Amino acid sequence: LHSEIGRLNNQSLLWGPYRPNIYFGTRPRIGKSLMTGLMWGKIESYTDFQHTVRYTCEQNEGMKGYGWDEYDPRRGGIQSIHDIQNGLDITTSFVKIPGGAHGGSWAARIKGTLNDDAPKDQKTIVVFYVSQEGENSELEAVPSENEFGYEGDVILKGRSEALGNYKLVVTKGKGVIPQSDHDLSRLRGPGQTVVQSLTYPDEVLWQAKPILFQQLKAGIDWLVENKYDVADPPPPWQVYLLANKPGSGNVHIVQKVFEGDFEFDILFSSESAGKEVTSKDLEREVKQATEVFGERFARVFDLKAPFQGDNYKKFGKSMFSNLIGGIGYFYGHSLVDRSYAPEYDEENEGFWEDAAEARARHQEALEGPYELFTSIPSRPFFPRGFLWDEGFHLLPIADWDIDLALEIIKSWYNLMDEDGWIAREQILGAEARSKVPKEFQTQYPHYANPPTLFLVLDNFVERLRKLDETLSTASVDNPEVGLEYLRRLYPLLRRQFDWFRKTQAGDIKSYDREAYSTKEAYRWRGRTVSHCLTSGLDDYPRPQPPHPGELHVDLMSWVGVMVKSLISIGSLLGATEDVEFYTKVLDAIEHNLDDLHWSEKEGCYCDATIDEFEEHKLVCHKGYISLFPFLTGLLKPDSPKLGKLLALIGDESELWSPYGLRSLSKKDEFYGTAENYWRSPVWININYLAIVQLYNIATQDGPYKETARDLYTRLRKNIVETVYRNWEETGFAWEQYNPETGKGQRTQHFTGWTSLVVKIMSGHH
Ligand SMILES: Cc1cc(-c2ccco2)ccc1NCc1ccc(CN2C[C@H](O)[C@@H](O)[C@H](O)[C@H]2CO)cc1
């Protein structure tokens, strides 16, 4: 019956606007298939369209804002786009209609409305671009009656093994079509919808902007050749209207020009389903999806005081929709260095110079192809899977739709190699690559990232212990199905656990280090003089110089997180021998955190290193790192150490700002130095961890209950209000917040773990 649930999940999730790297586009969860994308831009001159056209997501002066107002990947959503440069407010509605055997049908409305500043007669070019990859696939534009293009709908008829038969329609739409009185109109028509059907090698189909401009340039060349010149030029918009040439091919460009406001529909009808999808279907199903979104939001994200007001609701709906709306399907090769050069072992002083020499051998090669279904940090900047980010993304998503979350976890775990490594950054395919500077593309099999996906698994387990609607929770409602999922995933979790212990081992035995256990000690590979990217806390100060004898307290705590998860899942599956090993490791980590990491002098956990004189030294930089055993839930509610940690957390002159906890203490010598990435700013992911743990202590009999209750109440309020105020002023979720001013800074559109704020508001952990 697990198989039955699987098949239904497949069919439910198959279609989506799963191209979050562009403003609007669709693809199914199939590597080589049918994809769509939208382009638009004002044209006011003979050279401006190349500058105004929109396709891939950006953020700059020219774009006021954009995002999903509502979204569920099972149903669809509505997106808003505020384009200043092009003077347009755009709505893209997307809806899915179940039926047939190929994942069902879908429809989109594209609505553009000029803003108040735009000339009332602005000419806007709109393109709908369709490509299909596959060896045994076909797609064909049905030709027009009229001489020069289309008066009505453009109909494309296609077929593939993946999709069966289907028809994709781009409706006539509503709005003024400009008409040219020029001579050229005798040969090109006065102005109408046009279609060009082209073919290119499959691997370049994603390059829509270049493909389009190539056709425009061919058009212009034709003009010059046929004596259309500056003595009497056609209007710009006619110059950039493609000559109509529909047919078969693996690329179809549908182009319309509007003057003033416009709208039009895209209808994808799966043949194996009922009758074909209509505009009337679109309208009714859009209304229906909104009703269902509304009701689920109110159940799942019931915002508690003092955030129960309508303004906080709108805020919460926007943050959540942007997060879940960011879900993409990615397909293609990864760039991996599979040399396992010995320099990557980092057993020497100065290991970072050796490692750089090894990287400069460029042994990396493409491998796969792989696929991934994942949410993302950011559409305009980071539209791809990041390993420890996805842990935080899935916490709110799991509340919404646990089955969708387990799908994404499975997607991630299917990327794991036989060693137990999953690359921390998943750049699949040339499209995905196009956004990443070369320096940053190669993955290294010795680079870890925090195992945050285990947190999501813990939430699932507690829910398990204690048709779209049915499917969204099938995995907890049918305990047989939940256990089966765990049974299959469990070995991969164990493999990753063992991988951590093998590749991220620290060195106890080779120095003068006494501690309860000789095994438990950890060091992130991959550190440079100034960085430790693999830990997630890019530039958080660490022992100088980096050294093979370093030990990292955050890493040890992540291992504790993992082993606790394995005990809970192992128990469920009756893995007796496994549980007993995990139990000895938990016990060991618990003692060793104290023996190697706890500083009595400073009253917090510290990274460790090895002296000029080969002795163990604590290196203390008060900040998120210092709190880790607490953030990760490893300390007993009655612990004196916890006591000291709560004092640090609450201390205004260290970590506690009006706007949240500082990444680094104001008293640290590295406060606000260098790029100041994790050396003062307030980060929502770590604050979220603090908030959940504070609440944990507040809701249990114990000596710190009341202290925790106070800090929980204040921190919750500080974090939410900072995100909300910024969202109100700017439209944006930000990557981090300034603890002096509360201003959002770094990257916009970070939804992104900033979105955890909906979960903070709804509370009741
Ligand atoms: C300099 C640069 C430019 C562009 C670009 C130019 C035009 C469009 O894109 C893309 C990448 C890069 N540099 C790498 C990078 C930098 C920052 C992040 C965000 N972020 C940092 C956290 O510290 C991590 O914990 C977290 O996992 C992680 C993902 O959220 C991720 C990657």
# chains A, B, ... in the order shown; residues from 1 in each chain; ligands from 1
>>> residues_around(residues="residue 574 (chain A)", least_positions_apart="6", cutoff="12 Å", atoms="only C-alpha atoms", output="ChimeraX atom specification")
/A:483,486-487,490,566-568,580
>>> residues_around(residues="residue 524 (chain A)", least_positions_apart="2", cutoff="10 Å", atoms="only C-alpha atoms", output="list in words")
residues 446, 447, 448, 449, 500, 503, 504, 505, 506, 522, 526, 527, 532, 533, 534, 535, 550, 551, 552, 554, 555 and 556 of chain A
>>> residues_around(residues="region 514-520 of chain A", least_positions_apart="6", cutoff="8 Å", atoms="only C-alpha atoms", output="number ranges by chain")
A: 506, 508, 556, 585, 588-589, 591-592, 595-596
>>> residues_around(residues="residue 180 (chain A)", least_positions_apart="5", cutoff="10 Å", atoms="only C-alpha atoms", output="ChimeraX atom specification")
/A:185,188-191,234-235,237-238
>>> closest_residue(among="A:668, A:70, A:61, A:507", to="residue 547 (chain A)", atoms="only C-alpha atoms")
A:507
>>> select_by_dssp(residues="region 43-248 of chain A", states="alpha helix (DSSP H)", output="ChimeraX atom specification")
/A:49-52,185-188,208-225,236-239
>>> residues_around(residues="region 211-228 of chain A", least_positions_apart="5", cutoff="9 Å", atoms="only C-alpha atoms", output="PDB file with N, CA, C and O atoms, in the first residue's frame")
ATOM      1  N   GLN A  50      16.639  44.700 -26.204  1.00  0.00           N
ATOM      2  CA  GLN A  50      17.711  43.874 -25.659  1.00  0.00           C
ATOM      3  C   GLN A  50      18.023  44.243 -24.204  1.00  0.00           C
ATOM      4  O   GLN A  50      18.521  43.406 -23.470  1.00  0.00           O
ATOM      5  N   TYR A 129       7.799  30.812 -24.740  1.00  0.00           N
ATOM      6  CA  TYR A 129       8.861  30.038 -25.372  1.00  0.00           C
ATOM      7  C   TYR A 129       8.715  28.600 -24.928  1.00  0.00           C
ATOM      8  O   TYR A 129       8.666  28.329 -23.734  1.00  0.00           O
ATOM      9  N   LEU A 184       6.236  47.668 -45.213  1.00  0.00           N
ATOM     10  CA  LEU A 184       6.636  46.358 -44.728  1.00  0.00           C
ATOM     11  C   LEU A 184       5.414  45.465 -44.439  1.00  0.00           C
ATOM     12  O   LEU A 184       5.506  44.242 -44.536  1.00  0.00           O
ATOM     13  N   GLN A 196       7.382  30.991 -34.576  1.00  0.00           N
ATOM     14  CA  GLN A 196       8.504  30.357 -35.255  1.00  0.00           C
ATOM     15  C   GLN A 196       8.773  29.020 -34.584  1.00  0.00           C
ATOM     16  O   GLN A 196       8.813  28.933 -33.361  1.00  0.00           O
ATOM     17  N   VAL A 204      20.991  22.698 -25.957  1.00  0.00           N
ATOM     18  CA  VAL A 204      21.022  24.158 -25.925  1.00  0.00           C
ATOM     19  C   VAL A 204      19.623  24.765 -25.792  1.00  0.00           C
ATOM     20  O   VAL A 204      19.507  25.974 -25.636  1.00  0.00           O
ATOM     21  N   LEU A 205      18.582  23.927 -25.754  1.00  0.00           N
ATOM     22  CA  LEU A 205      17.205  24.405 -25.753  1.00  0.00           C
ATOM     23  C   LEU A 205      16.932  25.384 -24.599  1.00  0.00           C
ATOM     24  O   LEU A 205      16.094  26.288 -24.726  1.00  0.00           O
ATOM     25  N   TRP A 206      17.627  25.204 -23.468  1.00  0.00           N
ATOM     26  CA  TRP A 206      17.423  26.064 -22.312  1.00  0.00           C
ATOM     27  C   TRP A 206      17.870  27.512 -22.599  1.00  0.00           C
ATOM     28  O   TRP A 206      17.539  28.417 -21.851  1.00  0.00           O
ATOM     29  N   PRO A 233      11.922  54.198 -41.915  1.00  0.00           N
ATOM     30  CA  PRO A 233      11.962  52.918 -41.200  1.00  0.00           C
ATOM     31  C   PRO A 233      10.588  52.452 -40.728  1.00  0.00           C
ATOM     32  O   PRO A 233       9.749  53.266 -40.343  1.00  0.00           O
ATOM     33  N   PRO A 234      10.335  51.122 -40.654  1.00  0.00           N
ATOM     34  CA  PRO A 234       9.132  50.615 -39.999  1.00  0.00           C
ATOM     35  C   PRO A 234       9.200  51.014 -38.522  1.00  0.00           C
ATOM     36  O   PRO A 234      10.284  51.281 -38.011  1.00  0.00           O
ATOM     37  N   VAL A 239       9.751  46.172 -36.344  1.00  0.00           N
ATOM     38  CA  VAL A 239      11.088  45.720 -36.655  1.00  0.00           C
ATOM     39  C   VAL A 239      11.409  44.479 -35.825  1.00  0.00           C
ATOM     40  O   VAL A 239      12.083  43.586 -36.325  1.00  0.00           O
ATOM     41  N   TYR A 240      10.857  44.398 -34.603  1.00  0.00           N
ATOM     42  CA  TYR A 240      11.152  43.299 -33.694  1.00  0.00           C
ATOM     43  C   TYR A 240      10.020  42.266 -33.654  1.00  0.00           C
ATOM     44  O   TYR A 240       9.968  41.443 -32.736  1.00  0.00           O
ATOM     45  N   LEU A 241       9.087  42.335 -34.617  1.00  0.00           N
ATOM     46  CA  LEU A 241       8.077  41.294 -34.723  1.00  0.00           C
ATOM     47  C   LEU A 241       8.578  40.212 -35.687  1.00  0.00           C
ATOM     48  O   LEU A 241       8.865  40.492 -36.856  1.00  0.00           O
ATOM     49  N   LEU A 242       8.732  38.979 -35.177  1.00  0.00           N
ATOM     50  CA  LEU A 242       9.293  37.888 -35.970  1.00  0.00           C
ATOM     51  C   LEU A 242       8.401  37.654 -37.194  1.00  0.00           C
ATOM     52  O   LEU A 242       7.182  37.811 -37.098  1.00  0.00           O
ATOM     53  N   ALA A 243       8.997  37.279 -38.336  1.00  0.00           N
ATOM     54  CA  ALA A 243       8.206  36.761 -39.457  1.00  0.00           C
ATOM     55  C   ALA A 243       7.596  35.417 -39.056  1.00  0.00           C
ATOM     56  O   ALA A 243       8.277  34.580 -38.465  1.00  0.00           O
ATOM     57  N   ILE A 253       8.600  29.545 -30.620  1.00  0.00           N
ATOM     58  CA  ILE A 253       8.515  30.897 -30.094  1.00  0.00           C
ATOM     59  C   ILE A 253       7.156  31.483 -30.474  1.00  0.00           C
ATOM     60  O   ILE A 253       6.896  31.748 -31.645  1.00  0.00           O
TER      61      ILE A 253
END
>>> closest_residue(among="A:283, A:161, A:345, A:58", to="ligand 1", atoms="only C-alpha atoms and all ligand atoms")
A:58
>>> residues_near_ligand(ligand="ligand 1", cutoff="9 Å", atoms="only C-alpha atoms and all ligand atoms", output="PyMOL selection string")
chain A and resi 58+376-378+380-383+385-390+424-425+435-437+439-440+449+533-539+677-678+735+747+750+752-753
>>> residues_around(residues="region 461-472 of chain A", least_positions_apart="4", cutoff="9 Å", atoms="only C-alpha atoms", output="MDAnalysis selection string")
chainID A and resid 5 8:9 12 74:75 400:404 456:457 476:479 482:483 565 568:569
>>> write_last_selection(atoms="C-alpha atoms", output="CSV table (one decimal), in the first residue's frame")
chain,number,residue,atom,x,y,z
A,5,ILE,CA,0.7,6.1,-2.0
A,8,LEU,CA,-0.3,8.9,-6.2
A,9,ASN,CA,2.4,11.2,-5.0
A,12,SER,CA,0.2,14.6,-8.0
A,74,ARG,CA,-0.3,20.2,-5.7
A,75,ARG,CA,-2.7,22.9,-6.8
A,400,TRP,CA,2.1,22.2,5.3
A,401,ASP,CA,2.5,18.9,3.6
A,402,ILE,CA,4.6,16.2,5.3
A,403,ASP,CA,4.4,14.0,2.2
A,404,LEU,CA,5.9,16.7,0.0
A,456,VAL,CA,12.9,17.4,9.7
A,457,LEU,CA,13.1,13.6,10.2
A,476,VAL,CA,1.6,9.9,9.1
A,477,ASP,CA,-2.1,8.8,8.9
A,478,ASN,CA,-1.1,5.3,7.7
A,479,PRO,CA,1.6,4.2,10.2
A,482,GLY,CA,5.6,6.0,7.5
A,483,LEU,CA,7.5,3.0,8.8
A,565,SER,CA,17.8,10.7,15.3
A,568,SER,CA,14.7,7.1,17.6
A,569,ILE,CA,14.4,5.6,14.1
>>> residues_around(residues="residue 269 (chain A)", least_positions_apart="2", cutoff="12 Å", atoms="only C-alpha atoms", output="ChimeraX atom specification")
/A:96-100,102-108,155-159,163-170,266-267,271-279,281-282
>>> atom_distance(atom1="CA of residue 696 (chain A)", atom2="CA of residue 715 (chain A)")
13.7 Å
>>> atom_distance(atom1="CA of residue 705 (chain A)", atom2="CA of residue 454 (chain A)")
26.7 Å
>>> atom_distance(atom1="CA of residue 181 (chain A)", atom2="CA of residue 148 (chain A)")
15.1 Å
>>> closest_residue(among="A:49, A:68, A:331, A:262", to="residue 30 (chain A)", atoms="only C-alpha atoms")
A:331
>>> closest_residue(among="A:306, A:20, A:603, A:564", to="residue 586 (chain A)", atoms="only C-alpha atoms")
A:564
